[PDB]
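Values below: all heavy atoms of this structure, side chains included; hydrogens, waters and symmetry mates excluded. Reminder, nothing fancy here: chain letters follow the sequence lines and each chain counts from 1.
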2 protein chains.
Amino acid sequence: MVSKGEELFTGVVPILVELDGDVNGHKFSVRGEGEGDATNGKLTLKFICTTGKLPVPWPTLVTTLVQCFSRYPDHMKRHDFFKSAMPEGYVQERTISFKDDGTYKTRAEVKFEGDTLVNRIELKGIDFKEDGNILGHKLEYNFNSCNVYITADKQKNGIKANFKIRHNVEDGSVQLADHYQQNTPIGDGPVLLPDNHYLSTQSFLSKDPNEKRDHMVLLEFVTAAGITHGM
Amino acid sequence: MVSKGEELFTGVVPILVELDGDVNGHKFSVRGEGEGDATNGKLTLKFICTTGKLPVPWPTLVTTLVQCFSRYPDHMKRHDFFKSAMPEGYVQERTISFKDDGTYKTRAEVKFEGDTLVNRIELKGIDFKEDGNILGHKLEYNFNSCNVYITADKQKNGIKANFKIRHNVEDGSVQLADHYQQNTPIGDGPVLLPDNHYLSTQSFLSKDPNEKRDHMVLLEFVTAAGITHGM
């Protein structure tokens, strides 16, 4: 039984991402466009800094810049909160604590505006070191993680996640980014509260050789796993 | 340019797996049947121990029981050795060293026999402890890993991999299984030697409630990543 939220994702869906950021008083905007193919768990986006030089490394923004495009295998569809909240969508909040450096706090609404899945984000960054790995642009241009665990919000409709991102630093050290995440449905419609499970994400960060603006080309594959009940 | 080996995988392909095993002199056979969908990197197999009780835990056999069904994204197809060797196929050899316990040595041929992709394996296990985690059946019925790195065989046509599998033990400890892998093409036809990359595998192990024989139902999703050149 393909749920109504699920039905919105059965084809290729256009994506718009808008981020307005302030890190230590550096104002920037990022705009991304592309498409999501939830059936294959495939994301293809190109992000532009529309205000000039991005004052943080692109890799620090990957997690902030649409978990509704996760490939949930058939036997796990009952645990897909992200599509069940659509089209009205969900609020996604994070604290991202960079070890020995500053903090990002993000608030986003992920929802349909007509035929497009929109992720509209506000980001505030404080306590960054002027010559640390983030404001100093010392992070390698890549992105790796090994499973983000998703859990039901146990006081209310929604999900939570906490996970650690390891950013390679150019000197061969590692910059830790501890993520705390809470998602709440925007509407009052029924949603699916999941059992514990995880999302596995592979990421490819490249450049468009003809693009002069500061930018990130991003390809992702995402698959849910960690529940075997009901197959 | 869809290579001829690639073309053999564009649909759903039937799979046959045959394993003849000897662990500490316990003779067993495993037979598996199902299908591979390389376009989605999806494997669905059911394995039977045709000789009675499997004398090792099913999870210890998952890696031995067809990397040609990996989803290689478009920009990485030139690095897919496993399909390039088809239909004549490849020899896949492993040593699997169980920490504080015995060793498996495996030799398999992965090739097409008519319309079916066949994995035919010989397994020899020695130096197992009669009451260790393997012959004692103390391993949880599940399977997790975080990336297997694939490299070109640098003296000859083929690939190598070494990776560590962590099997959960029922007391809450961990049984390490260190895998060393070498694959060689069976034919003399051109093959693709890859740049360094990895395979990401999600695994679901269940039971058929109507199956009385010792068995494992296995669903897998596999995606290649770790190269961004040429997108």
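When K42(B), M231(B), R71(B) are compared by the number of non-hydrogen pairs under 4.5 Å with chain A, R71(B) comes out ahead. With respect to chain B, the highest number of heavy-atom pairs below 4.5 Å among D208(A), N40(A), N144(A), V217(A) belongs to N40(A).
By the neighbour-count criterion of 12 heavy atoms within 6.0 Å, atom NZ of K4(B) is sparsely surrounded, having that number or fewer from other residues, nucleotides or ligands. Within a 6.0 Å radius of NZ in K53(A), other residues, nucleotides and ligands contribute 12 heavy atoms or fewer. For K164(A), the NZ atom sits in a loose shell: 12 or fewer heavy atoms of surrounding residues, nucleotides or ligands are nearer than 6.0 Å.
One distance of note links CZ of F221(B) with OG1 of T223(A); it measures 7.0 Å at 0.5 Å rounding. Distance check, rounded to the nearest 0.5 Å: CG of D74(A) to CG of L219(B) gives 9.0 Å. For the atom pair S206(A) OG and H229(B) NE2, the distance stands at 11.5 Å (nearest 0.5 Å).
Residues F204(A) and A224(B) approach most closely at CZ-O, 3.8 Å, considering heavy atoms.
For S200(A) and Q202(B), the side-chain atoms include at least one donor-acceptor pair closer than 3.5 Å.
At a 4.5 Å heavy-atom cutoff, the contact between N147(A) and chain B is made by side-chain atoms alone.
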